[PDB]
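[1] give me coordinates for this.
(8 chains)
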Amino acid sequence: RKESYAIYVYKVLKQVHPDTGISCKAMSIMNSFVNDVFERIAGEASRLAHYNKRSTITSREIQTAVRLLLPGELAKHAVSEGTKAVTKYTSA
Amino acid sequence: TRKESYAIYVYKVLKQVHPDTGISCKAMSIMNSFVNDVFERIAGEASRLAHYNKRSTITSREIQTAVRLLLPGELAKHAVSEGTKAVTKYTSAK
Amino acid sequence: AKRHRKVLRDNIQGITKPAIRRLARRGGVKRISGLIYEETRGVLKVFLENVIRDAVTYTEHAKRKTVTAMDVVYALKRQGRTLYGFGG
Amino acid sequence: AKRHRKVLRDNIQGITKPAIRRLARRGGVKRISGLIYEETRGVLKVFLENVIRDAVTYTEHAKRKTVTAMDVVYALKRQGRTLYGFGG
Amino acid sequence: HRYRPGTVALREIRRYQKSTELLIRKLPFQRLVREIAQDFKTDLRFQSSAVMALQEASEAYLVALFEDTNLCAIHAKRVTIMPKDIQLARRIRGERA
Amino acid sequence: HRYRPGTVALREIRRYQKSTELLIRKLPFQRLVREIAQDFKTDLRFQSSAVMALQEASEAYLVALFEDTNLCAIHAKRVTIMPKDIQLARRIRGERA
Amino acid sequence: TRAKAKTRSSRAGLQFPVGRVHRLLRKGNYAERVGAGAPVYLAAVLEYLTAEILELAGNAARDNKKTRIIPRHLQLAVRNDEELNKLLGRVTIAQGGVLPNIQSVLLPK
Amino acid sequence: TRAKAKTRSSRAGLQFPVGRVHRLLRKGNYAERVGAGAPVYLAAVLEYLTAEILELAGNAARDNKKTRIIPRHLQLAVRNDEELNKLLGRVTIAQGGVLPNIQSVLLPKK
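    Numbers count the residues shown, from 1 in each chain, chains lettered A, B, ... in the order given. This is the structure:
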């Protein structure tokens, strides 16, 4: 059982383009992109927790990591989209 | 407040290599930042080496491969030598 | 009319012409054209706003109003312009 | 005399002149001087020996004789030349 | 019917920038990778995907280098690239620094 | 007794490459840093060492940029630097890319 | 009364797995404590970035008369969007090629 | 019979603190296990790099008729050594200046 992000990227693609397929090499590229962005944001949040003498990682560290790594307007929409999920889960 | 630094160790290393040469505070802060930066780079590279090989421990092999990857060229092979001899002495002792 | 504003906006012209000439003399430049200084001011503004934006983000992660030197060190470190002499 | 060696050493000339011309056509180069190809071969040799040395170090950390694609991916990743399409 | 010198080069520029195939043959690149690898140690085995990843890395690096080289040549009021343009590009990138 | 145009510039080149003082005055740089900082948010306090670290960062970045700019100008068979040399260097580094 | 094992991704209204991001954050050696909302927030951010690139790649495949996304469409989508271009400017995409760009000096008369 | 608390740095023949490197590796969130010889090896590597830069900086201070190492001497020692120059090429040293270098085109005629 080899772990990947296959079906989640596929359902995101079906959300944004219900009649468009995807190839295996493009799927591997998308998987590498998701892993790379997850690694960058998690490493930045770990550094943010380390500089502030905090032993925990919360939504504030991930939010500051998104605001630092993602450039410009992409950050502020991503920051918007995430706060919403945490809100839903907390109510949920 | 006891503020941690590498002051006296860099100072005794300086007295080993130059017994009659002093050092200033800004140069000492630069040396401290250099030691912290190199320690952070080697430790992060060794953590990545342990993560890619599915190893949950960090031994001398990960630090040796991190020195061989990060330090370029001949500086690596002498540094690898200097560390390797020290581990030999420490095994002889503990 | 003695009316003027408290906030000054021409501080990018505070980086004067002989300062940019001294910078190019340290860079080893013999001759300088007259259009160099505005381009240098724009480049300095872009670099400064990038570093200061990252430092302000680092500061407001810590819930602070004061931009410390360590935040500037981290902001320079993330972009690959690591600076020695202030980390400790 | 039919004597020749088994190991070939002129494989840097295996990157031929029309291959470098195709590379420059992809790069958007209209005209190519005749001294370009040796410099391109030297640059390719330097880049390849850097990446392959890091990949061999990554391989012998794992106590292996086979250079996998993931080692090449990590070697490109450390120098800031991250490559997609092979990580998984 | 002969063509003017330059329109064929523009046709190859417009052609090779559209397609994404590898512009270097597989076997000379494998031989070059094995020759470069064998001085670090002897007896090295290579996966096919490793040599392929090395190939696309070399493709991207050299295409980006020729874009910087072409920009250096255009900046020097020329349309022909020269090794001095290459050594300027790599210097400003920090490779020769 | 007037001097030839160029030997004074060479004297300042040999002088300013020896000394390590900051070539930008402190107060205009502090005013520029505060003006640049105040649009991200209002009410920002600044440590003196923070503005000093920003100053040496700007010094190193701009001196390295003028070295690359001088190399671009020398490559274009000139001794005078121009804004086209500056925009050429930043691109090959990737800042304009 | 273990009610139907409601997943965290469906609670957060996301498609990316929240619990798997939590497991990768716990085992990734970042901090020894991980908050509850951090994997939700990170999964939403990853989902948004994936959705943005997939939408632009689907548009690039539509303009090239294709119904299947190839790496060339991903390369065109990344490089033609300047914010994604400076997010992945230090990133190589295999079998992606380059943008079709000819300098105006090289154009004929 | 707790014999005189023999330190790990003196056992390893090093001056850099082995136990402090061990504490920073354990608390640095790198791995949840740290081997015994890894802080010894890392302290020896850090000591060697510090000794190399300090020796070259002392030589640079000696050639400038100084008995006290300033940041200019550290900058000269780092930049004039090519292996240290490509180890710290992406590193800014404050109050260090630049190497004295003039391009040969800008030199006058003779």
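
[2] give me the residue at the spatial middle of chain A.
    Central residue of chain A (CA atoms, centre = their mean): residue A:38, 5.8 Å from the mean position.

[3] and chain E, by the same measure?
    With distances taken as CA atoms, centre = their mean, residue E:62 lies nearest the centre of chain E, 3.0 Å away.

[4] nearest residue to that one in space, please, no chain neighbours.
    residue D:23 (5.1 Å; CB to CB, 6 or more residues apart in numbering or on different chains). C-betas here are computed from N, CA, C, even on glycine.

[5] what about that neighbour, how many neighbours?
    22 (other CB atoms under 10 Å in any protein chain shown).

[6] so it touches residue E:60, yeah?
    No. If you go by CB atoms under 8 Å, residue D:23 and residue E:60 don't touch, sitting 10.5 Å apart.

[7] report whether stretch A:47-55 contacts chain C.
    Yes. For stretch A:47-55 and chain C, the contact criterion (CB under 8 Å from any CB of the partner chain) is met by A:47, A:48, A:51, A:52.

[8] quick one: the strands in the chain?
    The chain I'm using is chain A. Taking DSSP state E as the test, the strands found in chain A are A:21-22, A:56-57.

[9] actually chain G
    G:33-34, G:68-69, G:91-93.

[10] which elements pack onto the longest one?
    Read that as strand G:91-93. Applying 3 or more CB pairs under 8 Å, 6 or more residues apart in numbering or on different chains; DSSP states H and E, one finds that strand G:91-93 contacts strand D:82-84, helix E:48-75, helix G:71-80.

[11] and if you look at the first one?
    Counting by 3+ CB pairs under 8 Å, 6+ apart, the packing neighbours recorded for strand G:33-34 are strand A:56-57, helix G:18-27.

[12] just give me the longest helix of the chain.
    No chain in the question, so chain A it is. In chain A, assigned by DSSP state H, the helix with the most residues is helix A:24-51.

[13] correction: the question concerned chain C.
    Chain C, longest helix under DSSP H: helix C:36-61.

[14] re earlier: right, is the longest helix of chain A up against chain G?
    Yes. Using CB under 8 Å from any CB, helix A:24-51 comes into contact with chain G via A:25-26, A:29-30, A:33-34, A:36-38, A:41-43, A:45-46, A:49.

[15] re earlier: surely the residue nearest to the centre of chain A meets residue G:46?
    Yes. In this structure residue A:38 lies within contact range of residue G:46 using CB under 8 Å: 6.2 Å.

[16] and the spatially closest residue to residue E:30 that is not a sequence neighbour, how far is that from chain C?
    The spatially closest residue to residue E:30, leaving aside those adjacent along the chain, is residue E:51, at 5.4 Å (CB to CB, 6+ apart). Note on residue E:51: its distance to chain C, by CB to the nearest CB, to the nearest Å, is 30 Å.

[17] contacting residues around residue E:51?
    Applying CB atoms under 8 Å, 6 or more residues apart in numbering or on different chains, we find residue E:51 in contact with E:26, E:29, E:30, E:33.

[18] would you map the helices across chain G?
    According to DSSP H, the helices that chain G contains are G:8-11, G:18-27, G:37-63, G:71-80, G:82-85.

[19] can you tell me which of these is most buried?
    helix G:37-63 (a mean of 24; mean count of other CB atoms under 10 Å in any protein chain shown).

[20] report whether that one contacts chain A.
    Yes. Counting by CB under 8 Å from any CB, chain A is contacted by helix G:37-63 at G:37-38, G:40-55, G:57-58, G:61-62.

[21] what angle do that helix and helix G:71-80 make?
    Put simply, helix G:37-63 runs at 110 degrees to helix G:71-80, going by axes from the mean of the first three to the mean of the last three CA atoms, to 10 degrees.

[22] around residue C:70, count how many other residues there are.
    20.

[23] hang on, it packs against residue C:87?
    Yes. Using CB under 8 Å, residue C:70 is in contact with residue C:87, at 7.1 Å.

[24] the closest residue to chain B within chain E: neighbouring residues, count only.
    Nearest to chain B, among the residues of chain E, is residue E:40, at 11.3 Å (CB to the nearest CB). By the criterion of other CB under 10 Å, residue E:40 has 15 neighbours.

[25] could you do the one 4 residues further on as well?
    Other residues lying near residue E:44 total 18 when counted by other CB under 10 Å.

[26] residue C:66 too?
    Around residue C:66 there are 12 residues (other CB under 10 Å).

[27] now the nearest residue to it once chain neighbours are set aside: phi and psi?
    Nearest residue to residue C:66, sequence neighbours excluded (CB to CB, 6+ apart): residue F:45, at 4.1 Å. When read as degrees, to the nearest 10, the backbone of residue F:45 gives phi -90, psi 150.

[28] distance of residue F:45 from residue C:59?
    10 Å (CB to CB, to the nearest Å).

[29] same check, this time on residue G:1
    Counting by CB to CB - residue G:1 and residue C:59 are separated by 47 Å.

[30] sorry, back to before: adding mean neighbour count and distance to chain F, write the strands of chain A out as TSV.
    TSV is the format used below for these (neighbours: other CB atoms under 10 Å in any protein chain shown; distance: least, CB to the nearest CB, whole Å):
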stretch	mean neighbour count	distance to chain F
strand A:21-22	20	28
strand A:56-57	18	25
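
[31] will you turn those into CSV that also has distance to residue D:40?
    Output for the strands of chain A, formatted as CSV (distance: least, CB to CB, whole Å):
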stretch, distance to residue D:40
strand A:21-22, 36
strand A:56-57, 47
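
[32] which of those strands sits closest to chain C?
    Closest among the strands of chain A, using CB to the nearest CB: strand A:56-57, at 12.1 Å.

[33] for chain C, which residues are neighbours of chain H?
    Residues of chain C lying near chain H (CB under 8 Å from any CB): C:26, C:27, C:28, C:30, C:76, C:80, C:81, C:82, C:83, C:84, C:85, C:86.

[34] hmm, try it at 7 Å
    By CB under 7 Å from any CB of the partner chain, the residues of chain C that approach chain H are C:26, C:28, C:30, C:80, C:81, C:82, C:83, C:84, C:85, C:86.

[35] among those residues, who's most crowded?
    residue C:84 (29 neighbours).

[36] run through the bridge partners of it.
    Beta-bridge pairing of residue C:84 under DSSP bridges involves residue H:93.

[37] my read: it touches residue H:94, true?
    Yes. Under the criterion of CB atoms under 7 Å, residue C:84 makes contact with residue H:94 at 6.3 Å.

[38] ok, residue C:71 - contacts?
    Going by CB atoms under 7 Å, 6 or more residues apart in numbering or on different chains, residue C:71 touches C:55, C:58, C:59.

[39] quick check, nearest of those to chain H?
    residue C:55 (15.4 Å).

[40] wait, isn't residue G:93 in contact with residue G:72?
    No. Using CB under 7 Å, residue G:93 is not in contact with residue G:72; the gap is 9.0 Å.

[41] neighbours around residue E:7, how many?
    Residues near residue E:7, counting by other CB under 10 Å: 11.

[42] can you tell me how far it is from chain H?
    Taking CB to the nearest CB, one finds residue E:7 at 37 Å from chain H.

[43] next, count neighbours for the nearest residue to that residue once chain neighbours are set aside.
    In space, and not counting its chain neighbours, residue E:7 is closest to residue G:108: 6.8 Å by CB to CB, 6+ apart. The burial count assigned to residue G:108 is 7, neighbours taken as other CB under 10 Å.

[44] so which of the strands of chain G gets nearest residue E:78?
    Closest to residue E:78 of these, according to CB to CB: strand G:91-93, at 29.1 Å.

[45] show residues contacting the closest one.
    So strand G:91-93 is contacted by A:29, D:81-85, E:56-57, E:60, G:71, G:74-75, G:78 (CB under 7 Å, 6+ apart).

[46] now that strand: buried residues?
    G:91, G:92, G:93 (16 or more other CB atoms under 10 Å in any protein chain shown).

[47] repeat that for stretch E:46-64.
    E:46, E:50-64.

[48] same question, stretch E:16-35
    Buried residues in stretch E:16-35 (16+ other CB under 10 Å): E:16-17, E:20, E:22-24, E:28-30, E:32-35.
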